[PDB]
Amino acid sequence: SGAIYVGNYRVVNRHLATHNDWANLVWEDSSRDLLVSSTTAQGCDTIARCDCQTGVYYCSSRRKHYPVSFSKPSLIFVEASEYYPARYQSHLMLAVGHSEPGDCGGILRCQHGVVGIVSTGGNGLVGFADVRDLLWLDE
Ligand SMILES: CSc1ncncc1CC(=O)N1CCC[C@H](C(N)=O)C1
Ligand SMILES: [Zn+2]
C-alpha cells in the first residue's frame, strides 16, 4: 500500500484505489495502473522532473529502503493477475530488487523528488509506475 500526496491530489495504484478515490476521481489509466483523486488538505510530496535512472525505493515487505538502477519508462508485458488481464503496461520502469504482493504503493525517489510508485514485481525484479510526465500534478 502507499500513495503520493502532492498539492490537492493523491496518486495511488489504480488496482488499490478505494471507494473514496473513485468518488473524488481526477484521472485514471488502467494501462499505467495509476489513479489520481482530489484531496481537501495540502500534500506533503514534490515530483521529480528529470531523466534519472537511479534512486531509492521503500520496500514495505522488508521495512527498508533500497537503492536501484531502473530502466526508462516503457511498454512492458505483465502477466494476468486477480486485478488485470494479461496486457502491456505503459510508462513502467524495471529494476533488480525485492518486491512481493503488498509492496505496491512504495515510493521511488531520486535527488529531485518523487519518481513513481511500486506497481509490479517478481523473482528479484520490481517495477515502478512513472509519474514524472504528469506535469499537471504541480499546478
Ligand atoms: C510488487 S507487486 C508483485 N511483486 C512480486 N510478485 C508479484 C507481484 C504482483 C504483481 O506484479 N501484480 C499484481 C497486482 C497488479 C500488478 C499490475 N500492475 O498489473 C501486477
Ligand atoms: Zn532525478
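Numbers run from 1 along the shown chain.
If you check the header, you will see the structure was determined by X-ray crystallography, 1.5 Å.
Keep in mind that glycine also has a Cβ here, set from the backbone N, Cα and C atoms.
Features reported for this protein in Swiss-Prot:
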ACT_SITE  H15  active site, for protease 2A activity
ACT_SITE  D33  active site, for protease 2A activity
BINDING   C50, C52, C110, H112  Zn(2+) 1 binding site
ACT_SITE  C104  active site, for protease 2A activity
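Feature map: annotations from Swiss-Prot on the structure.
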residue : record                                : DSSP class
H15     : active site, for protease 2A activity : helix
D33     : active site, for protease 2A activity : coil
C50     : Zn(2+) 1 binding site                 : coil
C104    : active site, for protease 2A activity : coil
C110    : Zn(2+) 1 binding site                 : strand
Is any of the recorded positions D33, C110, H112 within 10 Å of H15 (active site, for protease 2A activity) (Cα-Cα), and if so, which, in sequence order?
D33
In whole Å, note down how far the CA of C104 (active site, for protease 2A activity) lies from the CA of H112 (Zn(2+) 1 binding site).
22
From the Cα of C104 (active site, for protease 2A activity) across to the Cα of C52 (Zn(2+) 1 binding site), what is the distance in angstrom?
21
Based on a Cβ-to-ligand 1 distance below 6 Å, what subset of the recorded positions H15, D33, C50, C52, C110 would you report?
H15, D33
Around ligand 2, within a Cβ distance of under 6 Å, which of the recorded positions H15, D33, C50, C52, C104, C110 show up?
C50, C52, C110
Cβ-centroid neighbourhood (8 Å) of the Zn(2+) 1 site, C50, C52, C110, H112 excluded:
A48, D51, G55, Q111, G113, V115, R132
Please name which of the recorded positions listed here, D33, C50, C110, is nearest in space to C104 (active site, for protease 2A activity), Cα against Cα.
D33
Taking the Cβ of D33 (active site, for protease 2A activity) as reference, which residues of that chain separated by at least 6 in sequence fall under 8 Å from it?
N13, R14, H15, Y84, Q89, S119, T120, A129
Those residues of the chain, 6+ apart, with a Cβ under 8 Å from that of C110 (Zn(2+) 1 binding site):
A48, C50, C52, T54, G55, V56
All-chain count of other Cβ atoms within 10 Å of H15 (active site, for protease 2A activity):
15
Would you find the one among the recorded positions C50, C52, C104, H112 whose Cβ has the most company, meaning other Cβ atoms within 10 Å?
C104
